[PDB]
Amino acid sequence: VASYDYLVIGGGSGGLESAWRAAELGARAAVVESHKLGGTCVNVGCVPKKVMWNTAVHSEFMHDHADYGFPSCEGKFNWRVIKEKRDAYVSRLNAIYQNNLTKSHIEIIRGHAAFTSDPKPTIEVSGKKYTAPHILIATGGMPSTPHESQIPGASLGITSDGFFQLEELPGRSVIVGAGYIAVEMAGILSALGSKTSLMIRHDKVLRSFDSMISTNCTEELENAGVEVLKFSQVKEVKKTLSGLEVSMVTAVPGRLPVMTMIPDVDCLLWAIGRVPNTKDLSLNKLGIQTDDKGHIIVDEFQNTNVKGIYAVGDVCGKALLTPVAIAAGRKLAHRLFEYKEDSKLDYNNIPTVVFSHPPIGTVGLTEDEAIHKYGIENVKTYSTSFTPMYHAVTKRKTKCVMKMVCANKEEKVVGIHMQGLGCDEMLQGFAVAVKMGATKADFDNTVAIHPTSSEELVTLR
């Protein structure tokens, strides 16, 4: 047993940041990583996702060329080119992340960690044992897929991970899911040329977002040429001569169900969920708690039920975003190594952006979450809808919707939701303001920047 001051399991967003902050404070740390550092985000997430998005944004502006006075292009995108490059960038970052750990004196135990029987919290990487007064489990999660039992042929399709392995553009794409990943994959594949279909169990996507967003987002998808199959779901999948044959059942309320075969499908992508990566950790040896789905149960301070063990990031289940994982590891490191008993992450007013077309920006309470916590009498919402002046000279259009949810008489801005061009870089600023507890008066007392879309939030009447 080599002893350390900190032993982080998983070198993803959460593990790395916590280790970095701990080392900065004096601790002798080591990180246990079974694969590539940078985790899900760098290797199969944020990074490669956003590169492919910047590419989709390009095809969509090839369509506005002639309107702007330029001669139009003949087409034919090449997936290989942009893939080789996307992959290279991910290599450049790995190298970078290795270097940082090294120059920071953070040891890297490479391999798969699992807990042991030793009473004192101890893990064992490759027959060898390591222990520490503080162990952070930050192993994340993975895309869930349906068992061949209920969906015979389910394994025939791919996941987001497999999307980043695609080497040529799928001719016919069918995506099953209604969350941000699902939406993003559908938006990228469709803009780049694939005949795409998004299969959802209901009528709208991102149903957990403010109604104005799920409504607008389902619409803009339809308007962009993505076939949305509502109240539909996969019954089975089969490999035919030319691609897969997907049989789905559509049960639109008020009507009788209908079976449908989607043939010649090159790509069936499961974007149905993320499952925690916790079995093989041998949590059962310490009685470490988990919920019915395997997520590790922690408290406000990221504490498991076992002393000297913590969990952060996706593995916990709450707020599946890289900067939440980071913020939690950073705050933990400070509580442990800088002794600030009160360093926890406030999970309220976390900003999120969904890179669809147009981009979605959202922070805070939805109108309903607001109505519920305050009451209809005390919730006033303000909102606008317009066509960005960028579309003033284009046949093509996309709208821009902005809702502002205010609570009580002072009108504390408790939620801002929007969808439109520029909404991705537009949010961080207001997120700070919302986090400071701004009121509608503060926004209104801020001089506008003309001409911009952002200026519509400081002139909402």
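So that there is no doubt, residue numbering starts at 1 and follows the sequence shown.
Trainee: Mean C-alpha B factor from the entry: is it higher for 401-409 or for 57-65?
Mentor: Stretch with the higher mean C-alpha B-factor: 57-65.
Trainee: Taking only the CA atoms, which stretch has the higher mean B-factor in the record, 172-180 or 371-379?
Mentor: Result: 371-379.
Trainee: Going by the entry, which of 134, 340, 391, 357 has the most elevated CA B factor?
Mentor: Most elevated C-alpha B-factor of the set, per the entry: 340.
Trainee: Say you rank 290, 303, 322, 149 by Cα B-factor from the PDB entry; which sits at the top?
Mentor: Among 290, 303, 322, 149, the PDB entry lists the largest C-alpha B-factor for 149.
Trainee: So where's residue 450 on the chain's Cα temperature factor ranking, which third?
Mentor: Within its chain, residue 450 is a lowest-third residue by C-alpha B-factor, going by the deposited values.
Trainee: Taking the entry's C-alpha B-factors for this chain, is residue 23 in the lowest, middle or highest third?
Mentor: Tercile = middle for this residue's CA B-factor.
Trainee: Check where residue 254 lands among this chain's C-alpha B-factors and tell me if it's the lowest, middle or highest third.
Mentor: Tercile = highest for this residue's CA B-factor.
Trainee: Taking the C-alpha B-factors as the PDB entry records them, is residue 220 in the lowest, middle or highest third of its chain?
Mentor: According to the entry, residue 220 has a C-alpha B-factor in the chain's lowest third.
Trainee: Determine, from the deposited record, the chain-internal third of the Cα B-factor for residue 436: lowest, middle or highest.
Mentor: It belongs to the highest third of the chain when residues are ordered by C-alpha B-factor.
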